[PDB]
Every structure is written in structure tokens, then in C-alpha cells.
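Numbering-wise, our numbering puts 110 at position 106 of the sequence shown, and it's gapless, one number per residue. Even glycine gets a Cβ: it sits at the ideal position worked out from N, Cα and C.
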Amino acid sequence: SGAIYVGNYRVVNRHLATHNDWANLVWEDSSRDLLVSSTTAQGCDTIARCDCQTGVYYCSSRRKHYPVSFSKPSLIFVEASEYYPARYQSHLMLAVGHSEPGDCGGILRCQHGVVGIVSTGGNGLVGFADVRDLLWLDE
Ligand SMILES: CSc1ccc2ncccc2c1NC(=O)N1CCC[C@H](C(N)=O)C1
Ligand SMILES: [Zn+2]
């Protein structure tokens with residue numbers, strides 16, 4: 005679990021969005037596993053606007069932060085789960101690191117700010133949904 009709070013927006017994994025997230029929907033994209041909802045309070049976070057490929061992510065299954073080198077956002081095949089059929093997820097970045105399903109929502113950050121959130125994983129792999137292209141989050 006986990007979310008990004010910037011301005012009057014809350015960014016979450018679309019597969020973990022609540023009834024309240026859907027009732028205050030701003031934008032969602034099943035192909036990116038992202039959902040953004042509106043908030044009444046002003047949010048705590050800043051979004052990176054960069055091309056960093058190194059950063060640090062929070063891993064809830066270890067209560068620890070880990071450094072990672074990650075690929076550029078791309079279209080990656082993702083196996084079928086209880087939430088989605090087998091499909092290509094877009095704007096996804098992969099890295100070597102520990103992750104478990106409950107780790108989705110953990111923030112990936114670089115020196116410039118929030119880069120994205122955990123969205124997929126595998127045997128010694130972890131995937132992050134990029135948010136750096138969503139320029140409207142800052143306005
Ligand atoms: C951090 S999530 C994770 C981690 C390790 C895992 N190992 C083995 C198998 C699955 C793992 C898994 N789950 C995962 O990738 N998906 C299920 C939830 C929705 C995700 C999506 N964005 O389509 C795909
Ligand atoms: Zn950066």
C-alpha cells in the first residue's frame with residue numbers, strides 16, 4: 005500500500021484504489037496501473053521532472069529503503085493476476101530489488117523528487133509506474 009500526495013491530488017495504484025478514490029476520480033489508466041483522485045487537504049510531496057535512472061525506493065515487506073538502477077519507462081508484458089488479464093503495462097520501469105505484492109504503492113525517489121510507485125515485481129525484480137510525465141499534477 006501507499007500513495008503520492010501533491011497539491012489537491014492523491015496518486016495510487018489503480019488496482020488498490022478505494023470506493024472514495026473512484027467517487028473523487030480525476031484520471032485513471034488501466035494500461036499504467038495508475039489512478040488519481042482529488043483531495044480537500046494540500047498534499048505533502050514534490051514530483052521529479054528529470055531523466056534519472058538511479059534512486060531509492062521504500063520496500064514495506066522489509067521496512068527498509070533500497071537503492072536501485074532502473075530502466076527508462078517502457079511497455080512491458082505483465083502476467084495475468086487477480087486484478088488484470090495478461091497485458092502490456094506502459095510507462096513501467098524495472099530494477100533488480102526485492103518486492104512482494106503488498107509492496108505496491110511504495111515510493112521511488114531521486115534527488116529531484118518523487119519518480120513513481122511500486123506496481124509490479126518478480127523473482128528479485130521490482131517494477132515502478134512512472135509519474136514524471138504527468139505535468140498537470142503540479143498545477
Ligand atoms: C510488487 S507486485 C509483485 C511482486 C512480486 C511478485 N512475485 C511473483 C508474482 C507476482 C508478484 C507481484 N505482483 C505483480 O507483479 N502484480 C500483481 C498486482 C498487479 C500488478 C500489475 N501492475 O499488473 C502485477
Ligand atoms: Zn531525478
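Taking 6 Å as the limit between beta carbons, can you name the residues of its chain near residue i, skipping five residues before and five after?
| i | result |
| --- | --- |
| residue 96 | 80, 131 |
| residue 117 | 50, 51, 52 |
Can you find the residues in the same chain that come closer than 7 Å, C-beta to C-beta, to residue i, ignoring five residues on each side of it along the sequence?
| i | result |
| --- | --- |
| residue 7 | 14, 15, 16, 109 |
Given 7 Å as the limit, tell me if residue i has its C-beta closer than that to any heavy atom belonging to ligand 1.
| i | result |
| --- | --- |
| residue 16 | no |
| residue 69 | no |
| residue 23 | no |
| residue 105 | yes |
| residue 19 | yes |
| residue 124 | yes |
| residue 108 | yes |
| residue 85 | yes |
| residue 9 | no |
| residue 37 | yes |
What does the Cβ neighbour count give for residue i, buried or exposed, with the cut at 16 atoms within 10 Å?
| i | result |
| --- | --- |
| residue 124 | buried |
| residue 119 | buried |
| residue 137 | exposed |
| residue 100 | exposed |
Sorted by chain position, which residues of the same chain lie with C-beta nearer than 8 Å to residue i's C-beta, five sequence neighbours on each side aside?
| i | result |
| --- | --- |
| residue 90 | 81, 82, 83, 84 |
| residue 20 | 5, 108, 109 |
Assuming residue i contacts residue j under a Cβ cut-off of 8 Å, what Cβ separation, rounded to an integer in Å, is found between them?
| i | j | result |
| --- | --- | --- |
| residue 62 | residue 111 | 6 Å |
| residue 36 | residue 94 | 6 Å |
Would you say residue i touches ligand 2, meaning its beta carbon is less than 7 Å from a heavy atom?
| i | result |
| --- | --- |
| residue 116 | yes |
| residue 54 | yes |
Would you mind reading off the limits of the alpha helix (DSSP H) that contains residue i?
| i | result |
| --- | --- |
| residue 69 | No alpha helix (DSSP H) contains residue 69, which is instead part of the beta strand (DSSP E) from 68 to 73. |
Taking residue i as part of the beta strand (DSSP E), name the residues at either end of that continuous run.
| i | result |
| --- | --- |
| residue 17 | 13 to 17 |
| residue 31 | 29 to 33 |
| residue 57 | Segment: none, residue 57 is in no beta strand (DSSP E) and carries neither H nor E. |
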